[PDB]
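What follows is a set of notes on a single structure, which appears directly below.
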Amino acid sequence: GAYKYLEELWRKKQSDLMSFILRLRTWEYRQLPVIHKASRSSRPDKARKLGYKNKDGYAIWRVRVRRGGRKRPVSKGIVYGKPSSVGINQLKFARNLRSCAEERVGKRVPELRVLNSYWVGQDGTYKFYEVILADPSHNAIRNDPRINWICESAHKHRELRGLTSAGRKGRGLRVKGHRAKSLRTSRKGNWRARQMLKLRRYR
Amino acid sequence: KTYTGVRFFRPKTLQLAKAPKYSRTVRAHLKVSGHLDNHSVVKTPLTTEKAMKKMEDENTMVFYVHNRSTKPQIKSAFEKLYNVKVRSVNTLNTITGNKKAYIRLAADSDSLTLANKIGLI
Amino acid sequence: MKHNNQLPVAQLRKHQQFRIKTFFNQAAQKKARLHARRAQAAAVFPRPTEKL
Amino acid sequence: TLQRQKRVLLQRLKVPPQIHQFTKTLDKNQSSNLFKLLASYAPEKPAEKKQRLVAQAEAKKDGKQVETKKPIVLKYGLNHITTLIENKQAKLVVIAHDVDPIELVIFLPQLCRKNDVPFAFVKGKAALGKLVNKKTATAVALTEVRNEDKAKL
Amino acid sequence: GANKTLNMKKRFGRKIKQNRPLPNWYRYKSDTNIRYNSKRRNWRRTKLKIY
Amino acid sequence: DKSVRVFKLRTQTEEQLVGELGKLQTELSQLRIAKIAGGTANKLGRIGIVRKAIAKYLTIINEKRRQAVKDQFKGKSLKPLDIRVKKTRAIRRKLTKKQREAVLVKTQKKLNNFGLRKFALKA
RNA sequence: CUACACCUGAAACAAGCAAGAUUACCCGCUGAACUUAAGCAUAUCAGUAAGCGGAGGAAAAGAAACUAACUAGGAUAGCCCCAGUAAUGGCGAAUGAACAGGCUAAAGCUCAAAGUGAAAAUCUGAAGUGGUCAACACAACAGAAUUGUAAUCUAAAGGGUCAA
RNA sequence: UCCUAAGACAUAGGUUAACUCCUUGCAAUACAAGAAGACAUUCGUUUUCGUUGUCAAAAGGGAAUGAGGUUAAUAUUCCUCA
Ligand SMILES: [Mg+2]
Ligand SMILES: [Mg+2]
Ligand SMILES: [Mg+2]
Ligand SMILES: [Mg+2]
Ligand SMILES: [Mg+2]
Ligand SMILES: [Mg+2]
Ligand SMILES: [Mg+2]
Ligand SMILES: [Mg+2]
Ligand SMILES: [Mg+2]
Ligand SMILES: [Mg+2]
Ligand SMILES: [Mg+2]
Ligand SMILES: [Mg+2]
Ligand SMILES: [Mg+2]
Ligand SMILES: [Mg+2]
Ligand SMILES: [Mg+2]
Ligand SMILES: [Mg+2]
Ligand SMILES: [Mg+2]
Ligand SMILES: [Mg+2]
Ligand SMILES: [Mg+2]
Ligand SMILES: [Mg+2]
Ligand SMILES: [Mg+2]
Ligand SMILES: [Mg+2]
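In order, the protein sequences belong to chains BL, BR, AU, BF, AB and BU.
Read in the deposited numbering, the first sequence has 203 at position 202, and its numbers run on one by one without any break.
Read in the deposited numbering, the second sequence has 36 at position 7, and its numbers run on one by one without any break.
Read in the deposited numbering, the third sequence has 14 at position 14, and its numbers run on one by one without any break.
Read in the deposited numbering, the fourth sequence has 99 at position 48, and its numbers run on one by one without any break.
Read in the deposited numbering, the fifth sequence has 23 at position 22, and its numbers run on one by one without any break.
Read in the deposited numbering, the sixth sequence has 22 at position 21, and its numbers run on one by one without any break.
Dropping the structure here:
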């Protein structure tokens, strides 16, 4: 199938072909707005694996997010508190870039529902992603038993609640196992859970 | 093609009228006209020594008017209602929150009379 | 800290006021479970309760 | 500005072999002939399928079974054509030069070489569209011909 | 002063009306405890908010 | 001088109800003019009576007009929002039963060829 | 060069979608000091308050890239235990889970990826016709779609050949 | 009420986890954004010229009224006259 061929291409990214296609792309994207709507999916074999389909009710958007780390937003680098807390430069943000992309898309296009996303390439100061959204107001998405689930009230803005593959990763959820125990069911909930002081009417 | 100008401008596009497909609400579809009714325009007559002195002496009637009404609206409404020719209308907003209208009839009519028919004597 | 007694083990060191669990529902809960089970039987009537 | 600049970069930069090999296109004569042949091999439009389904249903439902012929079709589509290239079944491969993104078509040429299938670069995706009753197609292929056309193949 | 918004006029009018005393006949109802209007206000001793 | 009965009103035409409306309103104004000049308790009561009356008349007129527009639009979806169901934003925004239960092919197949059976064990 | 096709972008219009509210519980972020170490920086208070963004009736989680090495077990969640244990800590103050085992509850499923190529078999809208007429069934005509819709398939399989 | 000022805020674009934040009269860190005419008089047709917003002054700018008389309380406002 053409798709396996594509896959291996993209797993070949160093080859002069790939590098070339990329520098070129990246250039295009740098030319377009920060968040713009794509007409097609630059990477169809990938978008498929995430459940894009060409049928009305599917949309793709490109976002470029800033590469970097999180400088702590306090003014003049001033932080009042013990030496462990004063810190600014070397901090790294909890959620991953991909997720950022998802959420910026999500907010620019709040009507739609983010299904997924994939890397379209990155330059020195950026990273570009395409985000796959389904339109819940479109009967095609509604009547399709496969994606109709994302149409119901409970699935609203899943990028922002970290229910996206990116979110799940940021939550360490890509690990099931005893190293993951603390993370399961929201490490705040795991924590509240243990922290609970239980008092039973008998004893 | 050939460009006289240095700058681009957006081509003129055919912009259709806004055509509803379904009527948005009952009223709309029923083509309801929101004009204030004549009797809601003129509300109440005024009895105070002032009002009366104005009716006897100045050929004037004093009435409370619907707040959102205009002067011309008052002139018309007062004619349609009372069969009189209104020479002038003047407007007050009381602090109490009402519109006083000082109305002067033409030489044709006599305020005292309209007073008499209305039950204002 | 006075006598020979065994070194205490702190409990209430954090703010536990937010973190206490109360067991009064237990009473009714047991009951609910009962009725659930029973209403299962009735709706499953010809068939057995627990699967093989 | 974009559209133009894309073109300009593509011209002023160093384009690699694979991308450049899509610059080789049949001179108008060759192309046109090819389009004539392929056009003769065009696949069914809707009306034609309705006619034939209705007609055959009436023939089989009323009189009796009739001997039917294995139809001679034009091949269209990336996955299908790729398979048909893997399976040696494709007699001719015709690729559009105009595809974006190029990745989609880039494995075709060396694929065809390894399978010893003849492959051509044509200019238009729209052209291939018209041949196939779509807006645009990446590639078109031939499997069967009928005696008359063997000469052309 | 002289110059006022509508809003103002209307608000002032409101508070002016609300500043009446309990009507002498309300005190005769069967279910009421109200001898007087507890909410009355005097311009000199207490000021409204209009700006 | 009598109370107004609803059914009686629903008996008449639109014209009728309208004419009556206008009359009633004129009545009111005359009456308030009563209050203002000099008036008898009869006139005071008259007021409340006529007010309520006018309300009633209007109510009827709208009932009729409404049932009429609803009539025209009966049968079509894309009625005016006035008439469309109002329950909750969440209610309308939700999926259908058709869609709730709606099932993928493989599923209909398993449901046919496997499904659930009535059994009994004996002891 | 024209007509025309396709890719890309734009305006107006039709039909639908989002914008705020809610606080107890839920999700994703952000994030301190008082306090305790009888001082105090690590630490503790503590991922705690405050702050921000999202929901729901619950949320989240879930069909193993799990345990365990035994004559093994087997999604997720809660209860009981394991336990104040292993470990973490100016090894100071003080932090601190899980497996096995007893229960409650029980449920398993959909995609991408060689295979319609004897033929897009697919999806959406629809003047309309029947209807329980807002909710259903067909539907002339239109779009979406081979830079791929639907049938098979999802590793517990599966394709091919038989077949009760 | 209109106008512009010191100023200010949208829109567009960009920044932020997000909230927020940065630009804009010499108008933009923006820009396929406008106005007019005529026939038509709807569209449409047609023509012409064109880069793109708003708020902020009851002492600033700012189309034109005066005298006499009247009320218990208004009046360069009502009345009379000009
Ligand atoms: Mg599309
Ligand atoms: Mg930075
Ligand atoms: Mg960052
Ligand atoms: Mg989930
Ligand atoms: Mg409960
Ligand atoms: Mg003042
Ligand atoms: Mg004072
Ligand atoms: Mg004071
Ligand atoms: Mg287009
Ligand atoms: Mg909200
Ligand atoms: Mg304390
Ligand atoms: Mg101390
Ligand atoms: Mg800790
Ligand atoms: Mg709710
Ligand atoms: Mg314990
Ligand atoms: Mg167990
Ligand atoms: Mg219809
Ligand atoms: Mg079509
Ligand atoms: Mg200025
Ligand atoms: Mg400024
Ligand atoms: Mg002047
Ligand atoms: Mg004058």
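Every residue, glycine too, gets a C-beta built ideally from N, C-alpha and C.
According to DSSP, residues forming a beta bridge with residue i
i: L198 of chain BL; result: AU:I20
i: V145 of chain BF; result: BF:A171 and BF:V191
i: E131 of chain BL; result: BL:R63 and BL:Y119
i: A130 of chain BR; result: BR:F92 and BR:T120
i: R114 of chain BL; result: BL:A135
i: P40 of chain BR; result: None, per the DSSP bridge assignment.
i: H37 of chain BL; result: BL:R63
i: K126 of chain BF; result: BF:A192
i: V71 of chain BR; result: BR:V94
i: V115 of chain BR; result: BR:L134
Status (buried if at least 16 other CB within 10 Å, exposed otherwise) for residue i
i: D46 of chain BL; result: buried
i: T77 of chain BR; result: exposed
i: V70 of chain BR; result: buried
i: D78 of chain BF; result: exposed
i: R53 of chain BR; result: exposed
i: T189 of chain BF; result: buried
i: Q32 of chain BL; result: exposed
i: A130 of chain BR; result: buried
i: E131 of chain BL; result: buried
i: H64 of chain BR; result: exposed
i: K119 of chain BU; result: exposed
Closer than 8 Å to chain BU by CB, residue i
i: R114 of chain BL; result: no
i: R47 of chain AU; result: yes
i: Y51 of chain BR; result: yes
i: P146 of chain BL; result: yes
i: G148 of chain BR; result: yes
i: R159 of chain BL; result: no
Straight-line Cα distance separating residue j from residue i
i: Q91 of chain BL; j: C101 of chain BL; result: 19 Å
i: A42 of chain BU; j: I34 of chain BU; result: 14 Å
i: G58 of chain BL; j: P101 of chain BR; result: 56 Å
i: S86 of chain BL; j: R68 of chain BL; result: 24 Å
i: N145 of chain BR; j: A106 of chain BR; result: 19 Å
i: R143 of chain BL; j: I84 of chain BU; result: 25 Å
i: residue 1 of chain AB; j: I36 of chain BL; result: Not covered by the structure: residue 1 of chain AB. The range shown for chain AB is 2 to 52.
i: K98 of chain BU; j: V104 of chain BU; result: 11 Å
i: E50 of chain AU; j: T108 of chain BU; result: 25 Å
i: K170 of chain BL; j: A108 of chain BF; result: 56 Å
i: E15 of chain BU; j: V94 of chain BR; result: 30 Å
i: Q56 of chain BF; j: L64 of chain BF; result: 12 Å
i: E29 of chain BL; j: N8 of chain AB; result: 56 Å
i: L179 of chain BF; j: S138 of chain BL; result: 35 Å
i: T76 of chain BF; j: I157 of chain BF; result: 16 Å
Test: residue i CB closer than 8 Å to a CB of chain AU
i: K199 of chain BL; result: yes
i: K119 of chain BU; result: yes
i: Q196 of chain BL; result: yes
Chain BR within 8 Å of residue i, Cβ atoms only
i: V19 of chain BU; result: no
i: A35 of chain BU; result: yes
i: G2 of chain AB; result: no
Closer than 8 Å to chain BL by CB, residue i
i: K87 of chain BU; result: no
i: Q109 of chain BU; result: no
i: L79 of chain BU; result: no
Taking 8 Å as the threshold, find out whether the segment 41 to 57 of chain BR comes into contact with the segment 40 to 51 of chain AU through three or more Cβ pairs.
no
For the segment 188 to 196 of chain BF against the segment 135 to 152 of chain BF, do three or more pairs of beta-carbon atoms, one drawn from each stretch, fall closer than 8 Å, so that the two count as touching?
yes
Three or more C-beta pairs closer than 8 Å, one from the segment 171 to 179 of chain BL and one from the segment 121 to 130 of chain BL: is that the case here?
no
Is the segment 36 to 51 of chain BU touching the segment 38 to 46 of chain AB in the sense that three or more CB pairs, one from each, lie closer than 8 Å?
no
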